[PDB]
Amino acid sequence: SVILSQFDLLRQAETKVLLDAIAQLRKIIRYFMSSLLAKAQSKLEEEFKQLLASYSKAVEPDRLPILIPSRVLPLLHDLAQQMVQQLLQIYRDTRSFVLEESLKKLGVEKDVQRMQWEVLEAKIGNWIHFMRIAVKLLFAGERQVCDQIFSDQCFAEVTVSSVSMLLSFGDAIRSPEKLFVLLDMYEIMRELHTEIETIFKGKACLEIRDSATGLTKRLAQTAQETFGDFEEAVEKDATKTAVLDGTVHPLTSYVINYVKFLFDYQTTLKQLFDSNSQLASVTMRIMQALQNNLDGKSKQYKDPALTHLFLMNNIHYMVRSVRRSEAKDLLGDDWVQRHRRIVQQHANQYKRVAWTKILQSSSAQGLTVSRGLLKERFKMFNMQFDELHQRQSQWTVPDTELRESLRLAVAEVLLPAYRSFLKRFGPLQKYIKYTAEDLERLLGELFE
């Protein structure tokens, strides 16, 4: 009879249609070839829609974050396999929304980055942690999508918005001080690149990978531009004085501190692209900029003794600070030696301009026994030393060893001439102010 079985099988199909039943209907259609189907398939696609939308919830900041139960995954896979862009359409619409909404729960890169630094730094670190978390949940999204399918296009379609947010925060970050956190961002983009390449796969997705790498390149290039900005900024610097003084300039401390921070990012900056060559070049050029500005603002003093004392202090501070770190780097030893020599030179020129006149006054060149002119020279000398001592007691060379060294220097160039001066005249009283030990006792007091 055959036909009765077929009609009864159609009846059973109708009895169920309200998976194998579809196959049965197909067999019946094939047998007859030798309306219920459409309904079953449409309700199947709407069933996939229903199941997908009923388990799409927002991941909460708190809790392998398990987005969907382990039970419904094979179900969704089966249903999807039964289907034939529509699946991608629904998945995109619902789940991408749910994903961006998921990122808005932790932070979200929701031109107007023009804010205060004090909150910008903390919000960038925030963005770092947000980057790590977001990638390490996008991993879960990817695993689920590639589990329910046996796919890249779907993942891409779902993630484009969220990753666009994340990446949108990073642009554009041009001014110094922002360089360190800029290279923090560089570090976090470098750290997760591999995981991004593993997660987003391709090829209909690669544009997110290259968007990420692209923003990384722009970030790094912007960092280099901040290098240029800082050296240029230290170069053309200005203002001002404080207690006048010949002591170390806060700018010098600021620059050596800046390079002291650039050396904390040595492993990162090595990835400059070479290696420590260019790092050394940047260090040497910001150093050169510092000293160039220093001599630029050293000619804004008087007497020249103060200028050379100041330059002595700052370049010595520079040399020492460099001798505390690297130094070992491609800055060299000839750099440290040359600059040490320059320091010694500033010291020498200070001693010359400061004490030449009083030293020639401490000699016999101008006499004429006499006693009268001898007394006149005694008074003259006393005035000279008093003025020099009261102008240079209020000065300050910070390095104790250096100041004691140069103290011993000026003492060693003054004491002999004065002692020889006393070993010829006198009492020839009390016109003989200061003895040897006395004159020595207020020499170890200047620069305090």
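All residue numbers refer to positions in the sequence shown, first residue = 1.
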Handout entry: Residues of the deposited sequence left unbuilt between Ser35 and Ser34
Key = 10 or more
Exercise for the section: Please count the deposited residues lying between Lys423 and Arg424 that the model leaves without coordinates, and give the class: none, 1 to 3, 4 to 9, or 10 or more. Expected result: none
Practice task
Between 96-104 and 305-313, point out the one with the higher average CA B-factor as the PDB entry records it.
Solution key: 96-104
Fill in the blank from the handout: Quick note on 75-83 and 230-238: per-entry mean CA temperature factor is higher in 75-83
Handout entry: Of the residues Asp295, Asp184, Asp264, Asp210, the one carrying the largest Cα B-factor as recorded
Key = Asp210
Practice task
Go through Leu67, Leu408, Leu388, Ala417 one by one and give the residue whose Cα B-factor in the PDB entry is largest.
Solution key: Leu67
Fill in the blank from the handout: In terms of its chain's C-alpha B-factors, the third that includes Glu412 is the middle
Fill in the blank from the handout: The third of the chain into which the C-alpha temperature factor of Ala204 falls is the highest
Practice task
Would you mind ranking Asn382 by its C-alpha B-factor against the rest of the chain and naming the third, lowest, middle or highest?
Solution key: lowest
Practice task
Divide the modelled residues of the chain into thirds by Cα B-factor and specify which third, lowest, middle or highest, holds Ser370.
Solution key: lowest
Problem - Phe169 CA temperature factor, ranked by third within the chain - result: highest
